[PDB]
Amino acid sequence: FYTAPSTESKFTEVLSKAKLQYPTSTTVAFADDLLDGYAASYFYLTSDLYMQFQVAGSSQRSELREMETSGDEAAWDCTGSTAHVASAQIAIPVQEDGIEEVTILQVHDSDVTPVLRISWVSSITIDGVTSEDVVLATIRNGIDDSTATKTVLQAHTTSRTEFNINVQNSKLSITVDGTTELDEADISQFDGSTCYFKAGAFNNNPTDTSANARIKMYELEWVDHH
């Protein structure tokens, strides 16, 4: 009794270029599975046509991982001259009690390091400034450095919001509803790495391991160019 996101043509291309991971890193549905009507409590189309991801547990995820239509995994040069762009229209609902951070978009390297996470956070303190209920960009400072540079992008709203990630020439930019909120952040620390996009709900440090994080996407696409 779940409608598949594949029933909406606006998702055909991204699903053809994705695989779904749930609840950890193992793939539960490949592109062909997704295109053939895959749907479950953790991944389904709502009545008003959002692709909704839902998951409970610490560091558990319901997440799409960028793929090539060939079936190759996406593995583009993180710092190369070819622009890689991810665009999404995301409605972040008020999260259930005990949900503290939910990652909704990533640039991830082809090993174990997220280059960028865009996440909702209940709270965050950056250089002495605490912000409540915001959308955050987190860029890891290196593969061998567990620390990250964090940037507030937006006050959380339930309204559908346009996010754009543009990666090119060792820099990364983020726009929110068309306004630049992170302007050519350096990611040269991933020279020599390959990268891919992810999108969905990835539940970070919940205080209630039973609560469900929940994220809705009205549009989603990832492209490259030159």
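One-based numbering along the sequence shown.
- Judged by mean Cα B factor in the deposited record, 180 to 188 ranks above the other of 59 to 67 and 180 to 188.
- Stretches compared: 155 to 163, 31 to 39. Higher mean C-alpha B-factor in the entry: 155 to 163.
- Among 73, 109, 77, 97, the highest C-alpha B-factor recorded in the PDB entry belongs to 97.
- Among 212, 12, 21, 204, the highest C-alpha B-factor recorded in the PDB entry belongs to 212.
- Among all modelled residues in its chain, residue 220 ranks in the lowest third by Cα B-factor.
- Among all modelled residues in its chain, residue 93 ranks in the middle third by Cα B-factor.
- Residue-level temperature factors show residue 193 in the middle third of its chain, judged at the C-alpha atom.
- The PDB entry assigns residue 103 a C-alpha temperature factor belonging to the lowest third of its chain's modelled residues.
- Ranked within its chain, residue 123 lands in the highest third, by CA B factor from the PDB record.
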